[PDB]
Every structure is written in structure tokens, then in C-alpha cells.
Amino acid sequence: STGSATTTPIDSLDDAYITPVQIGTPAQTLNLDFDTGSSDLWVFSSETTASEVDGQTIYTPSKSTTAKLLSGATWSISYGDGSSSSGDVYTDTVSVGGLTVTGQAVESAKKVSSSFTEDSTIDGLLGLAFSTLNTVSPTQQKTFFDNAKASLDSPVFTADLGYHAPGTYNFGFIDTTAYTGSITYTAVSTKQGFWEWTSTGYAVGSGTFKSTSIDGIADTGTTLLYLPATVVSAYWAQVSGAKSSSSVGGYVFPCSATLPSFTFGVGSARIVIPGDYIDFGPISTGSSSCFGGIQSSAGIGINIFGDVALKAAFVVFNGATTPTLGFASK
Ligand SMILES: NCc1ccc(C(F)(F)F)cc1
Ligand SMILES: NCc1ccc(C(F)(F)F)cc1
């Protein structure tokens with residue numbers, strides 16, 4: 001079997017991407033943020049603290065004939081940006097673009113942090129990292145991808161994120177019409193539960209390619225590109241007026257500047273991020289200082305190939321027994 005669903009940016013900056021997901025019987029359609037950096041499927045629900053819901057669509061397990069409370073199970077998660085949420089667990093039928101999984105753990109949020117409440121367009125998250133990161137206690141639960149793996153034609157899913165445009169998540173097959181050239185596959189380490197790979201280097205604009213190993217994670221749930229300080233300083237040194245701002249919390253640049261592209265290495269292949277992808281607009285309404293899409297990972301502890309990098313490529317998440325990551329130009 002296979003599945004295919006359209007993913008849509010939530011705003012004009014591509015801050016996140018939402019994908020419609022059917023939960024329950026009859027179907028309750030929620031727009032979820034597909035997050036390859038986490039492994040919990042959690043949703044706003046009828047159980048969420050009422051003051052913490054502001055425009056989201058909520059899952060109502062009491063109206064689903066297939067919903068079963070997972071007795072005694074709780075969950076609590078904290079994301080690298082300080083966001084958090086917690087609640088209890090149900091099992092229910094979950095379908096993505098025609099691909100159906102019965103008995104999927106659907107984690108009902110009782111408490112959500114402020115950043116989720118203020119994001120009215122995101123009804124929840126669908127984690128696509130490895131199941132070892134799932135926070136359900138005392139019985140860890142599998143991800144949607146892990147539960148569907150056996151019935152998929154091929155144990156893969158692909159991410160084709162659009163630049164200011166809709167994109168596609170595909171489960172079970174590689175669309176050979178969606179990319180140009182060949183797919184370059186690179187080895188993945190699962191030791192931390194992430195889609196963790198090693199980039200072979202980088203280049204700034206038309207500059208010389210620097211062969212150097214950059215260890216990082218493919219994370220659709222992270223907006224920006226987070227790279228080591230040496231690399232990020234080398235990029236922003238090529239933008240006139242660019243500087244690191246402690247008050248803003250990152251590199252900013254004059255909104256009138258033109259940004260160079262950024263190239264990162266996948267094996268012997270190259271993925272080029274257009275400079276326009278690195279522009280995230282004014283730091284405040286009316287400001288002439290603009291926020292950069294490439295930031296330092298020094299404070300994070302891990303390099304993150306977020307949406308800024310991934311939307312420049314066709315990306316294959318190969319969940320075979322030896323998992324691999326595939327990158328193609330598009
Ligand atoms: N997109 C989920 C996510 C968020 C943060 C991190 C961090 F900060 F731990 F790297 C990993 C994954
Ligand atoms: N990396 C996972 C993640 C995704 C979105 C959000 C937001 F935007 F809702 F705050 C937080 C954390």
C-alpha cells in the first residue's frame with residue numbers, strides 16, 4: 001500500500017508545514033506538522049485546557065467509534081525550542097493520504113505550552129523520527145511510519161517541501177517524476193533516535209567548496225538551518241552589513257541586501273539552497289533589518305538541517321533495516 005498527501009506552508013515565511021490527517025471513525029481531519037525530529041503523534045483535543053486552545057481543530061475521542069483509551073499511559077515532551085506538551089493516550093484509526101493504520105497511538109494533549117496555543121494553524125504534530133524517542137510511559141509506542149512499514153510497498157517516505165508553495169509527503173514509493181538527476185544516498189546513524197547523517201562540506205555562493213564533515217539531523221520540524229559557528233560566520237561574512245545580534249538572537253542583515261546561495265554536500269553530490277530561501281523577512285513589522293535563515297548551532301548541541309535546507313531537495317527517508325537518507329535536486 002501507499003499514501004500521498006499535500007503539505008502546505010502555514011504562512012508567508014514557510015515557518016512550518018501542515019498536512020491533513022484523518023483520525024477516528026467517522027474521520028476527524030486535523031492539520032498536523034510532520035516532524036522527522038520527534039516521534040510522538042499528539043493533537044489538540046477535547047481534553048486540552050480550554051484557555052490553552054485558540055482556533056485549533058480538536059480531536060474528540062468520545063465521538064470516534066474506534067477510539068480506545070490506553071489505560072494508565074501518559075506522555076510528556078519537550079522540544080529543543082523550549083516548547084512542551086503533555087496528556088494521555090488513545091488508540092484510533094489514522095489515515096494519511098489514503099494510507100491507513102489501525103490502533104495508532106494518538107496522544108491527547110491535556111496541557112500545551114504558549115507557543116502551540118498561539119499557532120492557530122497547527123492542530124498537532126506527527127513524529128517521524130525513530131520510535132526509541134517516543135515519550136509514552138510506561139509502554140513506549142510506535143510512530144505512524146513504524147506501524148505502516150510492513151504494509152507499505154517500500155519502507156520509505158519522501159519529503160518534497162515547497163518554497164512559498166505546497167509540497168508533498170509520500171509514503172511507500174519514490175516519485176521519479178518529482179526530482180532531477182539521481183538520488184544520492186548517505187548512511188544514517190540511529191544511535192540518538194534521529195535521522196542523523198554526515199554532510200561532506202559546503203560552499204558559499206560561487207566560492208570554493210570546503211570538504212569538511214558536518215554531522216547533523218534531517219528535521220522537517222525545524223524551520224531554519226543550524227550549522228557550526230565557523231560555517232555560519234563564513235556565510236554571513238559575504239553579506240554586507242550582516243551581523244550577529246544578541247538582542248535579536250541570531251544573525252540579521254539589511255533587508256536591501258541580496259543573499260548568496262548555500263551549497264551543502266551529500267556524498268559527492270551537491271544541494272544548492274538559493275539565497276532567497278535564506279531570507280526570513282524583517283525582525284519586526286516595519287523594520288529594515290531582516291532575519292537570516294542560517295544560524296549557529298553552538299547553543300543547540302547538534303546541527304539541524306531544517307526546512308531551509310530540506311525544501312531545496314527531494315528527500316528520501318529510507319526506513320529499511322539499515323536506514324539511509326536520499327537527496328536529489330529538483
Ligand atoms: N523537530 C523536533 C526537534 C526539535 C529540537 C531538536 C534538538 F534541539 F534537540 F536538536 C531535535 C528535534
Ligand atoms: N520542532 C518541533 C516543533 C514544531 C513547531 C513548534 C511551534 F511552532 F509550534 F512552536 C514547536 C516545536
# chains A, B, ... in the order shown; residues from 1 in each chain; ligands from 1
$ closest_atom_pairs --of "chain A" --to "ligand 1" --cutoff "10 Å" --atoms "only C-alpha atoms and all ligand atoms" --output "Markdown table"
| residue | atom | partner | partner_atom_place_in_ligand_line | distance |
| --- | --- | --- | --- | --- |
| A:33 | CA | ligand 1 | 1 (N) | 9.7 |
| A:34 | CA | ligand 1 | 1 (N) | 9.0 |
| A:35 | CA | ligand 1 | 1 (N) | 5.5 |
| A:36 | CA | ligand 1 | 1 (N) | 6.3 |
| A:37 | CA | ligand 1 | 2 (C) | 3.7 |
| A:38 | CA | ligand 1 | 2 (C) | 4.8 |
| A:39 | CA | ligand 1 | 2 (C) | 8.6 |
| A:78 | CA | ligand 1 | 4 (C) | 8.4 |
| A:79 | CA | ligand 1 | 4 (C) | 4.8 |
| A:80 | CA | ligand 1 | 8 (F) | 3.4 |
| A:81 | CA | ligand 1 | 5 (C) | 6.2 |
| A:82 | CA | ligand 1 | 5 (C) | 8.7 |
| A:83 | CA | ligand 1 | 4 (C) | 9.0 |
| A:125 | CA | ligand 1 | 1 (N) | 9.7 |
| A:127 | CA | ligand 1 | 2 (C) | 8.3 |
| A:128 | CA | ligand 1 | 2 (C) | 9.5 |
| A:129 | CA | ligand 1 | 2 (C) | 8.6 |
| A:192 | CA | ligand 1 | 9 (F) | 9.9 |
| A:193 | CA | ligand 1 | 12 (C) | 9.7 |
| A:194 | CA | ligand 1 | 12 (C) | 7.7 |
| A:195 | CA | ligand 1 | 12 (C) | 9.8 |
| A:216 | CA | ligand 1 | 10 (F) | 8.9 |
| A:217 | CA | ligand 1 | 10 (F) | 7.8 |
| A:218 | CA | ligand 1 | 1 (N) | 8.9 |
| A:219 | CA | ligand 1 | 1 (N) | 5.4 |
| A:220 | CA | ligand 1 | 1 (N) | 6.5 |
| A:221 | CA | ligand 1 | 1 (N) | 3.8 |
| A:222 | CA | ligand 1 | 1 (N) | 4.8 |
| A:223 | CA | ligand 1 | 1 (N) | 8.6 |
| A:226 | CA | ligand 1 | 10 (F) | 9.4 |
| A:297 | CA | ligand 1 | 10 (F) | 9.0 |
| A:299 | CA | ligand 1 | 8 (F) | 9.4 |
| A:300 | CA | ligand 1 | 8 (F) | 5.8 |
| A:301 | CA | ligand 1 | 10 (F) | 7.1 |
| A:302 | CA | ligand 1 | 10 (F) | 5.6 |
| A:303 | CA | ligand 1 | 10 (F) | 7.2 |
| A:304 | CA | ligand 1 | 10 (F) | 6.5 |
| A:305 | CA | ligand 1 | 10 (F) | 9.9 |
| A:306 | CA | ligand 1 | 1 (N) | 8.1 |
| A:307 | CA | ligand 1 | 1 (N) | 10.0 |
$ write_last_selection --atoms "N, CA, C and O atoms" --output "compact mmCIF listing (two decimals), in the first residue's frame"
# COMPACT_ATOMS: atom_id res chain seq x y z
N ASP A 33 1.68 18.95 11.87
CA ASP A 33 3.05 19.28 11.49
C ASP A 33 3.87 17.99 11.48
O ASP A 33 4.18 17.44 12.54
N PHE A 34 4.23 17.51 10.29
CA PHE A 34 5.04 16.30 10.17
C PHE A 34 6.48 16.60 10.58
O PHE A 34 7.15 17.43 9.96
N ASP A 35 6.95 15.93 11.62
CA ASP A 35 8.20 16.29 12.30
C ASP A 35 9.12 15.08 12.34
O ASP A 35 8.95 14.19 13.17
N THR A 36 10.12 15.06 11.46
CA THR A 36 11.09 13.96 11.46
C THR A 36 12.13 14.10 12.57
O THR A 36 13.04 13.26 12.66
N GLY A 37 12.03 15.14 13.40
CA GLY A 37 12.88 15.29 14.56
C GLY A 37 12.28 14.82 15.86
O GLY A 37 12.92 14.96 16.90
N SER A 38 11.06 14.28 15.84
CA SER A 38 10.41 13.78 17.04
C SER A 38 9.61 12.53 16.67
O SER A 38 9.53 12.15 15.50
N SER A 39 9.03 11.89 17.68
CA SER A 39 8.42 10.57 17.49
C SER A 39 7.10 10.42 18.22
O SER A 39 6.71 9.30 18.55
N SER A 78 9.31 17.66 25.49
CA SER A 78 9.95 18.97 25.49
C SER A 78 10.81 19.06 24.24
O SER A 78 11.67 18.21 24.01
N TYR A 79 10.57 20.09 23.43
CA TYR A 79 11.30 20.29 22.19
C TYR A 79 12.48 21.23 22.42
O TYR A 79 12.52 21.99 23.39
N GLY A 80 13.44 21.18 21.50
CA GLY A 80 14.68 21.94 21.64
C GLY A 80 14.48 23.44 21.69
O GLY A 80 15.40 24.16 22.11
N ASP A 81 13.32 23.93 21.26
CA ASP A 81 13.00 25.35 21.30
C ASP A 81 12.30 25.76 22.59
O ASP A 81 11.85 26.91 22.70
N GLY A 82 12.20 24.86 23.57
CA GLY A 82 11.52 25.16 24.81
C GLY A 82 10.04 24.88 24.81
O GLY A 82 9.39 25.05 25.86
N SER A 83 9.46 24.47 23.68
CA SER A 83 8.06 24.10 23.64
C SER A 83 7.84 22.78 24.37
O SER A 83 8.74 21.95 24.49
N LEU A 125 1.21 17.48 16.07
CA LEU A 125 2.44 17.01 15.43
C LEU A 125 2.33 15.53 15.12
O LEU A 125 1.70 14.76 15.85
N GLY A 127 5.08 12.70 14.57
CA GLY A 127 6.51 12.44 14.65
C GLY A 127 6.94 11.34 13.69
O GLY A 127 6.30 10.29 13.59
N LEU A 128 8.05 11.59 12.99
CA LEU A 128 8.59 10.63 12.03
C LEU A 128 10.04 10.27 12.30
O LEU A 128 10.69 9.68 11.43
N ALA A 129 10.58 10.60 13.47
CA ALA A 129 11.87 10.07 13.88
C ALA A 129 11.68 8.61 14.27
O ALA A 129 10.65 7.99 14.00
N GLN A 192 20.95 8.12 18.30
CA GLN A 192 20.26 9.14 19.08
C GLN A 192 18.77 9.19 18.78
O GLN A 192 18.06 10.02 19.36
N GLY A 193 18.27 8.32 17.91
CA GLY A 193 16.87 8.32 17.54
C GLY A 193 16.49 9.28 16.44
O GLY A 193 15.31 9.40 16.12
N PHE A 194 17.46 9.97 15.84
CA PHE A 194 17.23 10.95 14.79
C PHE A 194 17.65 10.38 13.44
O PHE A 194 18.39 9.40 13.35
N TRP A 195 17.18 11.04 12.38
CA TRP A 195 17.70 10.80 11.03
C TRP A 195 19.01 11.57 10.92
O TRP A 195 19.08 12.68 10.38
N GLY A 216 24.78 16.11 11.32
CA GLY A 216 23.53 16.79 11.60
C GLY A 216 22.35 15.89 11.34
O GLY A 216 22.49 14.76 10.87
N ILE A 217 21.16 16.41 11.65
CA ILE A 217 19.92 15.64 11.55
C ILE A 217 19.01 16.30 10.53
O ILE A 217 18.92 17.53 10.44
N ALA A 218 18.33 15.46 9.74
CA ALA A 218 17.29 15.93 8.83
C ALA A 218 16.01 16.11 9.63
O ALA A 218 15.45 15.14 10.14
N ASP A 219 15.56 17.36 9.76
CA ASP A 219 14.45 17.68 10.65
C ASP A 219 13.44 18.57 9.92
O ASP A 219 13.64 19.78 9.80
N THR A 220 12.36 17.96 9.44
CA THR A 220 11.27 18.72 8.83
C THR A 220 10.54 19.59 9.84
O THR A 220 9.85 20.53 9.44
N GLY A 221 10.66 19.29 11.13
CA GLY A 221 10.00 20.05 12.16
C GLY A 221 10.76 21.26 12.65
O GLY A 221 10.36 21.87 13.65
N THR A 222 11.85 21.64 11.98
CA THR A 222 12.65 22.79 12.36
C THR A 222 12.74 23.72 11.16
O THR A 222 13.05 23.28 10.05
N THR A 223 12.46 25.01 11.39
CA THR A 223 12.32 25.95 10.29
C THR A 223 13.65 26.20 9.60
O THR A 223 13.75 26.12 8.37
N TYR A 226 20.73 25.15 11.00
CA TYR A 226 21.61 25.42 12.14
C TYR A 226 22.91 24.65 11.93
O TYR A 226 22.91 23.42 11.90
N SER A 297 24.59 26.71 15.49
CA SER A 297 24.12 25.62 16.33
C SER A 297 24.89 25.51 17.64
O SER A 297 24.64 24.58 18.41
N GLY A 299 24.75 26.93 20.51
CA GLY A 299 23.92 26.80 21.69
C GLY A 299 23.01 25.58 21.70
O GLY A 299 22.45 25.26 22.75
N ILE A 300 22.85 24.90 20.57
CA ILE A 300 21.91 23.78 20.48
C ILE A 300 22.56 22.46 20.86
O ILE A 300 21.93 21.62 21.51
N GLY A 301 23.81 22.24 20.46
CA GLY A 301 24.47 20.98 20.70
C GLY A 301 24.40 20.00 19.56
O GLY A 301 24.99 18.92 19.65
N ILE A 302 23.70 20.34 18.48
CA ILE A 302 23.59 19.46 17.32
C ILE A 302 23.24 20.31 16.11
O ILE A 302 22.49 21.28 16.21
N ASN A 303 23.79 19.94 14.96
CA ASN A 303 23.50 20.64 13.72
C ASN A 303 22.17 20.14 13.16
O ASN A 303 21.88 18.94 13.19
N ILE A 304 21.36 21.07 12.65
CA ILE A 304 19.99 20.76 12.24
C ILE A 304 19.80 21.20 10.79
O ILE A 304 19.85 22.40 10.49
N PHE A 305 19.57 20.23 9.90
CA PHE A 305 19.18 20.52 8.52
C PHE A 305 17.66 20.65 8.48
O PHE A 305 16.93 19.69 8.21
N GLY A 306 17.18 21.85 8.78
CA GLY A 306 15.76 22.12 8.85
C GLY A 306 15.16 22.40 7.49
O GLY A 306 15.75 22.13 6.44
N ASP A 307 13.94 22.96 7.52
CA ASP A 307 13.17 23.18 6.29
C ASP A 307 13.95 23.98 5.26
O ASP A 307 13.86 23.72 4.06
$ residues_around --residues "residue 93 in chain A" --least-positions-apart "4" --cutoff "10 Å" --atoms "only C-alpha atoms" --output "ChimeraX atom specification"
/A:22-27,64-67,100-106
$ closest_residue --among "A:119, A:40, A:54, A:276" --to "residue 16 in chain A" --atoms "only C-alpha atoms"
A:119
$ select_by_dssp --residues "range 86-223 of chain A" --states "strand (DSSP E or B)" --output "ChimeraX atom specification"
/A:86-96,99-112,124-127,137,156-160,167-171,180-187,189,196-204,210-218
$ select_by_dssp --residues "range 118-284 of chain A" --states "alpha helix (DSSP H)" --output "list in words"
residues 144, 145, 146, 147, 148, 229, 230, 231, 232, 233, 234, 235 and 236 of chain A
$ write_last_selection --atoms "N, CA and C atoms" --output "JSON list (two decimals), in the first residue's frame"
[["chain", "number", "residue", "atom", "x", "y", "z"],
["A", 144, "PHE", "N", 3.70, 6.49, 13.40],
["A", 144, "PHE", "CA", 2.86, 6.17, 12.25],
["A", 144, "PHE", "C", 3.66, 5.44, 11.17],
["A", 145, "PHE", "N", 4.89, 5.89, 10.91],
["A", 145, "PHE", "CA", 5.71, 5.24, 9.89],
["A", 145, "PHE", "C", 6.06, 3.81, 10.29],
["A", 146, "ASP", "N", 6.40, 3.59, 11.56],
["A", 146, "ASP", "CA", 6.77, 2.25, 12.01],
["A", 146, "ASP", "C", 5.58, 1.30, 11.91],
["A", 147, "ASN", "N", 4.38, 1.79, 12.23],
["A", 147, "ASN", "CA", 3.20, 0.93, 12.18],
["A", 147, "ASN", "C", 2.80, 0.60, 10.74],
["A", 148, "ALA", "N", 3.06, 1.50, 9.80],
["A", 148, "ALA", "CA", 2.70, 1.27, 8.40],
["A", 148, "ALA", "C", 3.77, 0.53, 7.61],
["A", 229, "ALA", "N", 29.51, 27.34, 14.10],
["A", 229, "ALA", "CA", 29.78, 28.77, 14.08],
["A", 229, "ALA", "C", 30.75, 29.15, 12.97],
["A", 230, "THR", "N", 31.77, 28.32, 12.74],
["A", 230, "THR", "CA", 32.74, 28.60, 11.69],
["A", 230, "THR", "C", 32.07, 28.71, 10.33],
["A", 231, "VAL", "N", 31.17, 27.76, 10.03],
["A", 231, "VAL", "CA", 30.48, 27.76, 8.74],
["A", 231, "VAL", "C", 29.55, 28.96, 8.63],
["A", 232, "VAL", "N", 28.80, 29.24, 9.70],
["A", 232, "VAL", "CA", 27.79, 30.29, 9.64],
["A", 232, "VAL", "C", 28.46, 31.66, 9.55],
["A", 233, "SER", "N", 29.59, 31.84, 10.24],
["A", 233, "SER", "CA", 30.34, 33.08, 10.11],
["A", 233, "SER", "C", 30.87, 33.26, 8.70],
["A", 234, "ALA", "N", 31.34, 32.18, 8.07],
["A", 234, "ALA", "CA", 31.83, 32.26, 6.70],
["A", 234, "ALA", "C", 30.72, 32.69, 5.74],
["A", 235, "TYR", "N", 29.50, 32.20, 5.95],
["A", 235, "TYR", "CA", 28.39, 32.61, 5.09],
["A", 235, "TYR", "C", 28.06, 34.09, 5.27],
["A", 236, "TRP", "N", 27.81, 34.51, 6.51],
["A", 236, "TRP", "CA", 27.33, 35.87, 6.74],
["A", 236, "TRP", "C", 28.40, 36.92, 6.51]]
$ closest_residue --among "A:114, A:56, A:48, A:74" --to "residue 135 in chain A" --atoms "only C-alpha atoms"
A:74
$ residues_around --residues "residue 76 in chain A" --least-positions-apart "4" --cutoff "8 Å" --atoms "only C-alpha atoms" --output "PyMOL selection string"
chain A and resi 84-87+135-136
$ closest_residue --among "A:287, A:208, A:19, A:29" --to "residue 253 in chain A" --atoms "only C-alpha atoms"
A:287
$ closest_residue --among "A:240, A:296, A:206, A:184" --to "residue 318 in chain A" --atoms "only C-alpha atoms"
A:184
$ residues_around --residues "residue 108 in chain A" --least-positions-apart "5" --cutoff "10 Å" --atoms "only C-alpha atoms" --output "list in words"
residues 41, 42, 43, 44, 45, 46, 47, 48, 58, 59, 60, 61, 69, 74, 75, 85, 86, 87, 88, 89, 90 and 124 of chain A
$ closest_atom_pairs --of "range 61-138 of chain A" --to "range 164-182 of chain A" --cutoff "12 Å" --atoms "only C-alpha atoms" --output "CSV"
residue,atom,partner,partner_atom,distance
A:95,CA,A:171,CA,11.3
A:96,CA,A:171,CA,8.7
A:97,CA,A:170,CA,8.4
A:98,CA,A:171,CA,9.9
A:99,CA,A:171,CA,7.8
A:100,CA,A:171,CA,10.9
A:128,CA,A:171,CA,11.5
$ write_last_selection --atoms "N, CA and C atoms" --output "tab-separated table (two decimals), in the first residue's frame"
chain	number	residue	atom	x	y	z
A	95	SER	N	-5.31	7.87	9.15
A	95	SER	CA	-5.07	7.77	7.72
A	95	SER	C	-4.37	9.02	7.20
A	96	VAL	N	-3.37	8.81	6.35
A	96	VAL	CA	-2.65	9.89	5.69
A	96	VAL	C	-2.70	9.64	4.19
A	97	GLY	N	-3.41	10.50	3.47
A	97	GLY	CA	-3.47	10.40	2.02
A	97	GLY	C	-3.89	9.04	1.50
A	98	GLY	N	-4.84	8.39	2.18
A	98	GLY	CA	-5.30	7.08	1.79
A	98	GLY	C	-4.60	5.92	2.48
A	99	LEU	N	-3.49	6.17	3.16
A	99	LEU	CA	-2.75	5.14	3.88
A	99	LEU	C	-3.27	5.06	5.31
A	100	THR	N	-3.79	3.90	5.70
A	100	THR	CA	-4.49	3.75	6.97
A	100	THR	C	-3.73	2.83	7.92
A	128	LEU	N	8.05	11.59	12.99
A	128	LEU	CA	8.59	10.63	12.03
A	128	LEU	C	10.04	10.27	12.30
$ closest_residue --among "A:14, A:116, A:5, A:91" --to "ligand 2" --atoms "only C-alpha atoms and all ligand atoms"
A:116
$ closest_residue --among "A:151, A:224, A:51, A:209" --to "ligand 2" --atoms "only C-alpha atoms and all ligand atoms"
A:224
$ atom_distance --atom1 "CA of residue 202 in chain A" --atom2 "CA of residue 264 in chain A"
4.3 Å
